[PDB]
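# Structural features, examined
Chain by chain, the residues:
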Amino acid sequence: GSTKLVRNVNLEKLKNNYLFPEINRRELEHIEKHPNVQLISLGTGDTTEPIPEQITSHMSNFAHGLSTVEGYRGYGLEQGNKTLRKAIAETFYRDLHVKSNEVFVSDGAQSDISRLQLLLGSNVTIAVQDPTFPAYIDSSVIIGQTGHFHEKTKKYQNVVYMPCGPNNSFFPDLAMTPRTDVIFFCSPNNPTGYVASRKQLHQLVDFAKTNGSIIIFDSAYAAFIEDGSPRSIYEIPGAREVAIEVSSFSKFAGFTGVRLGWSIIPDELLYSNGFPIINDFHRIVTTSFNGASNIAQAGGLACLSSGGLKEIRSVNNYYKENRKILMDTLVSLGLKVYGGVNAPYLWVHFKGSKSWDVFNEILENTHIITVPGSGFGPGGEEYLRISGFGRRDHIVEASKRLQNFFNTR
Amino acid sequence: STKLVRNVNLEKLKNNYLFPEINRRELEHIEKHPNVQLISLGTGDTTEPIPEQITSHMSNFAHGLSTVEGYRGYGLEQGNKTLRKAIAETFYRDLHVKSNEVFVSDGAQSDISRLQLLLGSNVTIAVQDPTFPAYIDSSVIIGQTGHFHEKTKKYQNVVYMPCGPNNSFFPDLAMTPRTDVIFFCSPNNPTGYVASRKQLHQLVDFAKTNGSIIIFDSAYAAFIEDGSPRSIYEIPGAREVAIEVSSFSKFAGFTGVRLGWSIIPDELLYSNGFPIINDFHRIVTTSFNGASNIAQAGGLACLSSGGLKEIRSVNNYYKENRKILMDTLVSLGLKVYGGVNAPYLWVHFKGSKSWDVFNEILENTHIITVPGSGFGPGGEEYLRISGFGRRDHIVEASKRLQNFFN
Ligand SMILES: Cc1ncc(COP(=O)(O)O)c(C=O)c1O
Ligand SMILES: Cc1ncc(COP(=O)(O)O)c(C=O)c1O
């Protein structure tokens, strides 16, 4: 028995991404076939160390407080607790003129991105970096901003793809980039790990101003920056007139399963007609969201105490040391290794090889999982993404195995 | 300035003034009459604490995130398997709902907007009148409507299905034009009416005959005290036409914790025979990364036989409050609907505007209610009144209404 409801066209357009389902199938199979040998993963980018007890303890207490009259509350502001918003403003945007009432607390970036796309609607054009983070492009297709997927080029019609690679220091050539209503920009980037420089961000803000575009700037990896490169786009004067920033506690503090992030919508960000965009994001939030979990919001606040930040910084130094082990290994083997410094991802170029064949080689001969760059679009072909999340003894063993393998080869 | 054109669907969306306005009137009244205790029977938020049994599991799970053995990052976007199985067994026992047809959400508001993303702009919808804002607002935002026709107080291109005492709060199918989608909330907000087995049978058949789907909102099912049905999948064949949406919010006081679910049956097919479940999976993967792992732990603890017993007991407190209010209002000669199977009373003042009754009750008793007008034209002449709240507020408000309506 069938219905007469017509499948949303935007679903017919949307191509499935087989990347992670494949990685996972291949990981299982390989673990099953070689129970002999500990498989190690440098692939998925989930955080792995526990959240500090200081932070968690505030989440356990708040939860217990919900069983008391003095601590019980129902619905909170859909925008998020005021204490948490003031803390995000002060912690991440000190002196950048971000008001606590421009912060919108989310259950993380994935949802936030889809809510921004609902705000924007079907009748806008977008630009994304290539290699491309799935969320921006998938959400764009689903809401109706694109045509079909052009199989030969591996690009959706009506979408500007901006190549970012070693040849252009991972920043598009803005003089040859067509104009769009919206530009998505992720820095530090997933998958390349590149953090744009102050000069590059200046140019992006000016390009946006000149084109009347808005920037959706994804800073979910900012806490990994070690250069002194900028962490928020609002470090650039005038960014507030063109840019929305999206971020997360996911990778910063391991809240991947706890679910907490935010977006910034400046006061000064205006449509064609002079109406502040912030007023309408409020209405999108009220209509499609009832707030981040109260217990997650208490955890978030505890992340931003001086004690929370100190403990989190310490977990992130562990991850930083792991990346160095891996970058030093791969560079010592003559590989062209990008990223690694300011992000938890290394982006390794195997000029002349398909990402998948290198994945296969490395999996079969070292029992290590990586991520095929191909999976992120055509600008990822020939690269692998490699993660510094994981335990130290696994990074060290993986380093040993790669040494052995590539000195063969 | 920027060159971005405002989404047209935002220009279509009228602000609903209802709650912001009740709120403004409350604050204004407390400010002019600070010498009196204002009492609210307006907002439908739960107010009793969540049982310590449930909460304790959420605290333990949270402490477990600071351990190697208990640290958990990303879960399945669809939700923990243990939680889905428990929702299936607890709420759909014997109704052929599989654990893999359950999609765990951060509650109905989000879930509704994700269903509307799935469905898209090119569908027509039917909603009950009086109307729950979420369904209609989400429909406008995604592009399913024309502008708001001020005279009729209806969005163009939307079928409004009057439900009132004259048709036992069930739409007259002979006067209901066909749509792609029918939204049906039972127990209803705002009227509190729970459709009967026979009504639901008719609705499922109507849907089959029209090739429509039903989005059935059972968030208030746990308040049903009749033996009326709690899920639409009690009706044979519902599984070929209906999606069900629900929540821990009012059931267990998780309004601020954020947890719900939807059911998308295997058997629910588009025009072309494709299972809708395959595409909701892709919507969920794309627009969501899961409900909070802590909230999902709380949810699972709600559905233990110990959790359910404790939740039932908080809901009896509310049930006793409703009885105080109903017995008072009815003992005074008011026409009271709802109340029995939902936490909301729907009180008719034939001949009066909702807002003028609101004004009267606010000025003379310092009590806040919800003007039925706010929910659309089928709410005109009614007030919605809530049984959530502390007992002593219910009692005092009951005393004041006794004095006033005498
Ligand atoms: C590019 C990027 N942005 C944002 C996020 C944060 O996602 P969420 O907050 O939904 O975990 C991630 C996590 O993988 C990511 O890779
Ligand atoms: C009709 C209706 N459905 C569903 C919900 C649950 O919403 P949430 O789960 O987002 O709190 C409510 C709560 O207001 C409601 O009134």
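The record names X-ray crystallography as the way this model was obtained, at a resolution of 2.30 Å.

### Quick look at the overall build of chain A
The helix and strand tally for chain A stands at 13 helices and 15 strands. Its C-alpha radius of gyration of 22 Å places chain A within 12% of the 22 Å reference for a compact globule of 409 residues.

### Comments concerning the site of ligand 1
With respect to spatial proximity, 16 residues lie near ligand 1, and among them A:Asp218, A:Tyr221, A:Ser248, A:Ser250 and B:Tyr74 are the closest. In this structure, a nitrogen atom belonging to ligand 1 sits 2.6 Å away from a side-chain N or O atom of A:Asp218. A distance of 2.6 Å is found between an oxygen atom of ligand 1 and a side-chain nitrogen or oxygen belonging to A:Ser248. Residue assignment for the shell around ligand 1 shows that the elements contributing at least two residues are α5 (109–120) and α8 (250–253) of chain A. Residues belonging to the shell around ligand 1 are distributed by class as follows: seven nonpolar, six polar and three charged.

### Quick word on the domain arrangement of chain A
All names here are of chain A. Per the domain assignment, the segments of chain A are domain 1 (8–48 + 305–409) and domain 2 (49–304). In this structure, domain 1 and domain 2 have C-alpha centres spaced 25 Å apart. If you look at the interface, domain 1 gives 40 residues, while domain 2 gives 47 residues. For the side of domain 1 that touches domain 2, the elements supplying multiple residues, two or more each, are α1 (9–13), α11 (306–332), β11 (336–339), β12 (345–349) and β15 (383–387). It is α11 that contributes the most residues to the side of domain 1 that touches domain 2, twelve residues altogether.

### Thoughts on the site of ligand 2
Around ligand 2 there are 16 residues in total, and A:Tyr75, B:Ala108, B:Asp217, B:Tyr220 and B:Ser247 lie nearest to it. Looking at what sits near ligand 2, you find residues from chains A and B. In this structure, an oxygen atom belonging to ligand 2 sits 3.0 Å away from a main-chain N or O atom of B:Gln109. Within the side chain of B:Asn189, one N or O atom sits 2.9 Å away from an oxygen atom of ligand 2. Burial of ligand 2 by the surrounding chains reaches 95%, relative to a free accessible area of 390 Å².

### Focus: the domain arrangement of chain B
The accessible area lost on association of the parts is a frequent measure of interface size. All names here are of chain B. Segmenting chain B into domains produces domain 1 (7–47 + 304–406) and domain 2 (48–303). On a C-alpha basis, the centres of domain 1 and domain 2 stand 24 Å from each other. Sorting the residues of the side of domain 1 that touches domain 2 by element identifies α1 (8–12), α11 (305–331), β11 (335–338), β12 (344–348) and β15 (382–386) as the ones contributing at least two each. In terms of residue count, α11 provides more of the side of domain 1 that touches domain 2 than any other element does, eleven residues in total. Across the side of domain 1 that touches domain 2, the residue classes break down as 17 nonpolar, 14 polar and seven charged.

### Overview of the interface of chain A and chain B
With 81 residues of chain A at the interface, the matching set in chain B holds 83 residues. Taken together, the elements giving at least two residues each to the side of chain A that touches chain B come down to α3 (53–65), α5, α6 (134–143), α8, α9 (277–288) and α10 (294–303) of chain A.

### Some details on empty space enclosed by the protein
Think of a ball as big as a water molecule: rolled over the atoms, this probe shows where empty space is left. Its boundaries defined by the atoms lining it, the largest cavity holds a volume of some 120 Å³. Lining the largest cavity, in full, are A:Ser111, A:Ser114, A:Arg115, A:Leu118, A:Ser288, B:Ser110, B:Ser113, B:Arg114, B:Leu117 and B:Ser287. Mapped by element, the contributors of at least two residues to the lining of the largest cavity are α5 of chain A together with α5 (108–119) of chain B. Here the lining of the largest cavity is built from residues that sort into two nonpolar, six polar and two charged. Around the second largest cavity, the lining comprises 13 residues; the ones closest to its centre are A:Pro50, A:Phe252, A:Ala253, A:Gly254 and A:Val315. Among the secondary structure elements, those contributing two or more residues to the lining of the second largest cavity are α8 and α11 of chain A. Per-class residue counts for the lining of the second largest cavity are eight nonpolar, three polar and two charged.

### Overview of the UniProt feature "binding site: pyridoxal 5'-phosphate" in chain B
All names here are of chain B. In the numbering used here, UniProt assigns the feature "binding site: pyridoxal 5'-phosphate" to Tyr-74, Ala-108, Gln-109, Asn-189, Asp-217, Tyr-220, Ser-247, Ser-249, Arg-258 and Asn-289. A maximum C-alpha distance of 34.4 Å is found for the annotated residues, which run over 216 residues; spatially they are spread out rather than grouped. Here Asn-189 lies in the loop between β7 (181–185) and α7 (197–210). Apart from residues lying up to four places away in sequence, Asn-189 is in contact with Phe-132, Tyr-220, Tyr-344, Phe-375 and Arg-384. Polar side-chain contacts of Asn-189 include one of 2.7 Å to the side chain of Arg-384. Considering the arrangement of structural elements, one finds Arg-258 in the loop between α8 (249–252) and β10 (260–263).

Reading guide: rules and limits
- Here the residues of each chain are numbered from 1 in the order the sequence is written, which can differ from the numbering of the entry; residues without coordinates are not included.
- Key to labels: chains lettered from A, ligands numbered from 1, both in the order written.
- Only heavy atoms go into the side-chain values, all of them from the structure, while hydrogens and water stay out.
- Residues with missing side-chain atoms are left out of burial classes, side-chain pairs and their counts.
- A helix here means a DSSP run of H or I that spans at least four residues, while a strand means a run of E at least two residues long, and both kinds are numbered starting from the N terminus.
- Based on C-alpha atoms, the radius of gyration is set beside the globule rule, defined as 2.2 Å times the residue count to the power 0.38.
- Any residue with at least one heavy atom within 4 Å of a molecule or strand is counted as near it.
- Polar contact is defined as a pair of N or O atoms within 3.5 Å, subject to the rule that within protein one atom must be able to donate a hydrogen and the other to accept it, and that residues adjacent in sequence are counted only when both atoms are side-chain atoms.
- Polar here means any residue other than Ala, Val, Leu, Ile, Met, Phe, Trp, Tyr, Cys and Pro, which are nonpolar, and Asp, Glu, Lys and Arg, which are charged; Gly is therefore polar.
- Domain borders in the structure are assigned automatically or taken from a domain database.
- We call two residues in contact when some of their heavy atoms are within 4.5 Å.
- The accessible surface values rely on the Shrake-Rupley method and a 1.4 Å probe; as for residues, cover is taken only from the protein chains in view.
- Cavities and pockets are found on a 1 Å grid laid over the protein atoms alone: a cavity is a set of points where a 1.4 Å probe fits but cannot escape, a pocket is an open set with protein on both sides within 12 Å along at least five of seven lines, and a lining residue has an atom within 4 Å of such a point.
- Grid points are joined across faces, edges and corners, and a volume is the space filled by probe spheres set on the points.
- UniProt positions are given in the numbering used here, feature names are shortened, and annotations may be inferred rather than shown by experiment.

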